[PDB]
Amino acid sequence: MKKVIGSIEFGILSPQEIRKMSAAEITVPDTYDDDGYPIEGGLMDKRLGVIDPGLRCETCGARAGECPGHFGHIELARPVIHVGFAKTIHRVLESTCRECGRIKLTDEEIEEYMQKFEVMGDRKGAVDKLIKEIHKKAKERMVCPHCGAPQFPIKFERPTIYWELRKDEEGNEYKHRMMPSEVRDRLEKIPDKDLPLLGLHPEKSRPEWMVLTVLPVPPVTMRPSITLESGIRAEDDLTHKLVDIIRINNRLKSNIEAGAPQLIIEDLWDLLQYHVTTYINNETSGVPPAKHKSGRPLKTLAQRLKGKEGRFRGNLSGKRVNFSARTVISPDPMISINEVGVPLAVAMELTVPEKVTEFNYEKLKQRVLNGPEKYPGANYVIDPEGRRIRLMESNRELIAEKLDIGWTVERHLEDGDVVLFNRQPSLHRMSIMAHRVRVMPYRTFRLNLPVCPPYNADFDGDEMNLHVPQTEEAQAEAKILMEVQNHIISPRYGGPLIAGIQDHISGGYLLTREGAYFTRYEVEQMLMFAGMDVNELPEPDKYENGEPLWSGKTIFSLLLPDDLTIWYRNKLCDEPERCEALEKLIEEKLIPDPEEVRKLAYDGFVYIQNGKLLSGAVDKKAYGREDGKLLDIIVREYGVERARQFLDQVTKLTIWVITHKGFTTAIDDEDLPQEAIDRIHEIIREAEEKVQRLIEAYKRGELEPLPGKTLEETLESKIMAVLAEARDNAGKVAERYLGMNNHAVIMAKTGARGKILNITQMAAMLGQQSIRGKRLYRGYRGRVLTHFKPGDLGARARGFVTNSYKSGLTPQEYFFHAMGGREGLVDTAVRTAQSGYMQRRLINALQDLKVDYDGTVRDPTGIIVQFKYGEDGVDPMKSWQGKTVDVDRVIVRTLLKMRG
Amino acid sequence: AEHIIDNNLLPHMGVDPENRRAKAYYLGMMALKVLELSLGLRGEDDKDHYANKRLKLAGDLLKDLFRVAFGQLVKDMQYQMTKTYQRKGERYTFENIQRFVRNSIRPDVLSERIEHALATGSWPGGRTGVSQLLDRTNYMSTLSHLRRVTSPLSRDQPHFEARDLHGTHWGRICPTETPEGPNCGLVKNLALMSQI
RNA sequence: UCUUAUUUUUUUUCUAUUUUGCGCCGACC
DNA sequence: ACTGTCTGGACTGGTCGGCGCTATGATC
DNA sequence: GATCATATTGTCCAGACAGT
Ligand SMILES: [Mg+2]
Ligand SMILES: [Zn+2]
Ligand SMILES: [Zn+2]
């Protein structure tokens, strides 16, 4: 049968257990001889395992690559204090009597502490608090309650040095060094009944085991030895540390057997203690770390376990996996959000293991008969007994003829196969989704554009990874849970994440704007491009020059479901009167006539009645990320598959619109007439005059301190406020003098790409350059640059750039903008590390929380963190703008459904 | 304590006790600098101001590396002559003092300390990354690497006052050409008009 | 003209089936 | 019972590519 | 000449601790 590890019990290894688990005794501080063979009794002994392929292990008889490795033991001449337990040892040394060995507590106190230990349960914090309280109470008693022997304070010196404060016959206070043998002898006197009071297990954590008498040398496999390209074997750091330990132990044994004086024995004991302490942890405080002959410090077991590169993080929590690829991504609007572009070279390398059944026997037989060099083919074949055979040209037909039910065929990646698509860093669960394999003959990955905002991935050389599940359970889990269309709504804010961006928004605005009409050929072409099932063209809206014309709203209406009705305001609202009139007309009748709506239709108010876009222009508020109301309603009211189809169709339609109608930006997009430039210059002169007046008022002393502030930062804040008002006025002038016919203004207003400030910065001014939230001050004495007078606090001398990008900046203003950009870049480069550390901390704090079947969130111990998740038991992904149920939307939709 | 004061307390003033009194004078000019800022007589100087910042070039690092290598070579030669005198004796040592000194020298012991520091980029005294592989991607990269300046500050440390551009970098440090990520600000390039 | 020692049967073959580590530098997301 | 001081730990992830190092002073 | 034992022992935040 099969068994799993139900629980793990920790403890301290006893010397008897170390001796029993050891397959050999190590006494030679060497690894290999001149010819390269292992030395008997050495660290590289075959009894501890084999790394070289030729050798065969003595203990288990297995060759390299399959021998698990066997531990050894070293009999230390003298006991050595374990550093990791050392401080804990001191605690026990402050809790037990030096003669009787019992704890320094009364019987009643011991019993009361036993009841306290039994009552509280299994919470770790209470146990540590009780242990600390018991240690503090026992450490202040100088008389043993059981024997009456006097006690002395014990001073702990890092890392493994113990001093006992003793008194001579003359009353002088001196320090006696407690040798590890004396410490172990004192620890041996503590009975098993007092161990729970000290936080030690009677049968698993005996204090005498905290002092090392037998050192467990690791197996050969866990510290492997390799041969370099120069023919010289490269030993591990642990091997060198163990060589030093064995040499020092042998020297100590020889000196002890020779009757060496006490000066020799304690010196060698200290050397062995230092070696063992470095072997346990080379980064111990208060000691010099062990270094190689080249001056490189070694990393021992503690550094192997801890750290980012340690076993826990670099090998256990996260590790490299098989059947994975990684390459650059390129855009592909022609594929669905469910599909990923897999290169042919990647597809012919990564293989899906498919078992031969009664329905896929012919397909897998054809895959085997194609071979690894022909697509679609196979690379490996596994028989039911379990031998894997690689398919070459010779046995390609023979294996195909031998194929039967129960065999496994590692076939090439085919269309429709489910694979994982992950981009690093993975800040959220939406950073990986299961896509469908689409095989194309190029070299790069291809990912659909609406799936990019979930990945936070652009196409400026982004690298993305792909993982192919092997087991059927993993493939099913990827297909059902982590499918792309199932994660359109972001659980972080309950809004659309998989959404149209940039050119999708621009094409939607171009199609759905007022006065946008298309010919019959254009309408048929966009219908075919978007893959819509429109068999017959709708009635044309108007006839121009004898030919029919279709409104873009009519074409957009075919995407929406026939029973959809929603009205809202978008970001293109600048005349609230028309929007208010439309809202009032909708409010009275609740089913306004389409002719009545079209009479007073406004691009700033989106209104869809029965799937017909009667008014409004498409922008980021329609199906953009974090703002699309239409996409949010479509996902929640019509499922995810219909939402995915709508997203694909609308993205293709908008791409067709933006491709053939013509979308471009030029140098005249930021061009302004002479009146706008004159107004901007007037604003500049007014701002500099106000700044100079403020400076003069501060100099003459009539400037008023702000409440709680002195002259300097008050004047600085006033100057910054004046410059901000000037920047706002310049931006308002630029917006006034730039119409909606501008493509850059279209992109800024519709929310496709960029902002209004971006156009303002390229046309009107750059504003004031600020560092760390204040004006630029770092530089020379009294000035930032030497081109200004010292002590000048003017706008031009402190980072206020008057000209824009189109007019070109002065060298001083260019330098100030460089300081601002450098500050921004440093801000992001500093923020990323802190954000990642905080994310890791939060994840490790909340990794184990899970909603149970009764709706309660509990920790693995059993403590109910929440009796109901979110206090209402509602998924934030399925929540409506952070609310439980959108009563307004439900009522309106139901009323419209019953009225229609 | 005498050795510590002689070899650690302002070694740039000397190591002999005779100049010790003068070191006290150098202490006094420190105390004033501490006192005035504690009393408002003088302002705090900028650590990132280039008047207080020097640029160790390849010559100074080569001088330090050659000093370390020559000291180790000197100690090796001293051990070699000591061993030769202890083995052969006074007769063979002083019969030809020209050959005795020459044979007690191992030049490679010096050489393998210099070029190795120019190979791995590790410098004596804990300094590392001094020597790097020259970038040969194109004509621009090699010139940028040859006109590159690094900082001893750690890359993971947020140095808001050090990574940001300074007003004294005009004409000395390029205001725009900086690397991204943790290397931003701490790694700069010399300006076209910069003279050292 | 003299003490204080003992004694026995139930185990088989000419031999064998895919280099880590350390540290540096640079770049990308 | 407060207060400044000493000691200890962590410092986002991933990827591409390169460079370079991992003996020696006696002994017959 | 060819071998061989030995090869040294930067900041910031939080918890514990003498001092008043
Ligand atoms: Mg990118
Ligand atoms: Zn084995
Ligand atoms: Zn006792």
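Atom set for the values below is all heavy atoms of this structure, side chains included, hydrogens, waters and symmetry mates excluded. By convention in this document, chain letters (A, B, ...) are assigned in the order of the sequence lines, proteins followed by strands, and residues within each chain are numbered from 1.
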Check every strand shown and say whether B:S122 touches a base, only sugar-phosphate, or nothing at a heavy-atom separation below 4.0 Å.
nothing
Between A:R326 and A:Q424, do the side chains contain a donor N or O and an acceptor N or O under 3.5 Å apart?
yes
Heavy atoms only, 4.0 Å cut-off, all strands: where does B:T150 land among base, sugar-phosphate and nothing?
nothing
Pucker class of D:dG14, from the sign of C1'-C2'-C3'-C4':
north
With the cut-offs of 5.5 Å between six-membered ring centres and 30° between planes, do D:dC11 and D:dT12 count as stacked?
no
So, do A:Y32 and A:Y37 have ring centers that fall under 6.0 Å from each other?
no
Is it true that the side chains of A:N422 and A:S426 contain a donor and an acceptor less than 3.5 Å apart?
yes
B:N138 has an atom CG; how far is it from atom P of C:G26, in whole Å?
16 Å
Starting from P on C:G26, measure out to CG on B:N189 and report it in whole angstrom.
11 Å
Can you give the first and last nucleotides of DNA chain D, 5' to 3', that have an atom under 4.0 Å from a heavy atom of chain B?
D:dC11 to D:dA26
So what does A:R320 hit on the nucleic acid, given a heavy-atom distance under 4.0 Å: a base, only sugar-phosphate, or nothing?
sugar-phosphate
For E:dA7, does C1'-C2'-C3'-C4' say north (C3'-endo side) or south (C2'-endo side)?
north
Distance in angstrom units between A:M44 CE and C:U20 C1', rounded:
12 Å
Using a cut-off of 4.0 Å on non-hydrogen atoms, how would the nucleic acid contact of B:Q132 be classed: base, sugar-phosphate, or nothing?
sugar-phosphate
Start at the 5' end of DNA chain D and walk down; is the nucleotide closest to A:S285 or to A:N465 reached first?
A:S285
How many whole angstroms separate atom CG of A:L298 from atom P of E:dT9?
14 Å
Return yes if a side-chain donor-acceptor contact under 3.5 Å exists between A:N465 and A:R423, otherwise no.
no
For nucleotides E:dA7 and D:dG25, find the distance between their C1' atoms and express it as a whole number of Å.
11 Å
Does either side chain, that of B:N189 or that of B:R148, offer a donor lying less than 3.5 Å from an acceptor on the other one?
yes
Sign-based sugar class (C1'-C2'-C3'-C4') of C:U20:
north
Does E:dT8 have OP1 or OP2 under 4.0 Å away from a side-chain N or O of A:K293?
no
Separation of the P atoms in D:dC16 and E:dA16, to the nearest angstrom:
44 Å
Among C:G21, E:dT9, E:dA16, which nucleotide sits nearest the side chain of A:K132?
E:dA16
Name the closest nucleotide to the B:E180 side chain, picking from C:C25, C:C28, C:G21.
C:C28
Span that lies between the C1' atom of C:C28 and that of D:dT15, in whole angstrom:
8 Å
Tell me which of A:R326 and A:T227 sits closer to the 5' end of RNA chain C, going by the nucleotide each one is nearest to.
A:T227
With A:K175 as the cation and A:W163 as the aromatic partner, state whether NZ or CZ is under 6.0 Å from the six-membered ring centre and within 45° of the axis.
yes
With E:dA7 and D:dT22, is there a Watson-Crick or G-U wobble pair, both distances less than 3.5 Å?
no
Please confirm whether A:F445 and A:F421 have ring centers closer than 6.0 angstrom.
yes
Separation between the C1' atoms of C:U19 and D:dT24, rounded to whole Å:
26 Å
Between A:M464 (CE) and C:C28 (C1'), how many Å, whole number?
15 Å
Over how many whole Å does the gap from B:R148 atom CZ to C:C24 atom P extend?
18 Å
Would you measure the distance from the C1' atom in D:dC11 across to the matching atom in C:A27 and give it in whole Å?
22 Å
Could you check whether B:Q157 gets within reach of a base, just the sugar-phosphate, or nothing at all, counting any heavy atom under 4.0 Å?
base
Atom P, compared across D:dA26 and C:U18: separation rounded to whole Å:
44 Å
Just by distance, with hydrogens left out, do A:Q303 and A:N281 show a side-chain donor and acceptor under 3.5 Å apart?
yes
Which part of the nucleic acid, if any, lies within contact of A:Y837, taking any heavy atom under 4.0 Å across all strands shown: a base, the sugar-phosphate backbone alone, or nothing?
sugar-phosphate
Side chains of A:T327 and A:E463, donor plus acceptor under 3.5 Å:
no
Sugar-phosphate, base or nothing in reach of A:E235, heavy atoms under 4.0 Å:
nothing
Is B:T120 close enough to C:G23 that one of its side-chain N or O atoms is under 4.0 Å from OP1 or OP2 there?
no
Quick check on C:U17: from the sign of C1'-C2'-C3'-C4', north or south pucker?
south
Is D:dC21 a north or a south sugar when classified by the sign of torsion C1'-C2'-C3'-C4'?
north
Rounded at 0.5 Å granularity, tell me how far CG in B:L65 sits from NE2 in B:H116.
10.0 Å
Using the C1' atom on both, measure C:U15 against D:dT27 and round to a whole Å.
48 Å
In whole angstrom, what separates A:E66's CD from C:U18's P?
12 Å
Round to a whole Å and report the spacing from CG of A:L228 to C1' of C:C22.
12 Å
Scan A:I226 against the nucleic acid and name what it touches under 4.0 Å (heavy atoms): base, sugar-phosphate only, or nothing.
base
Report which part of the nucleic acid B:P152 touches: base, sugar-phosphate, or nothing (heavy-atom distance under 4.0 Å, all strands).
sugar-phosphate
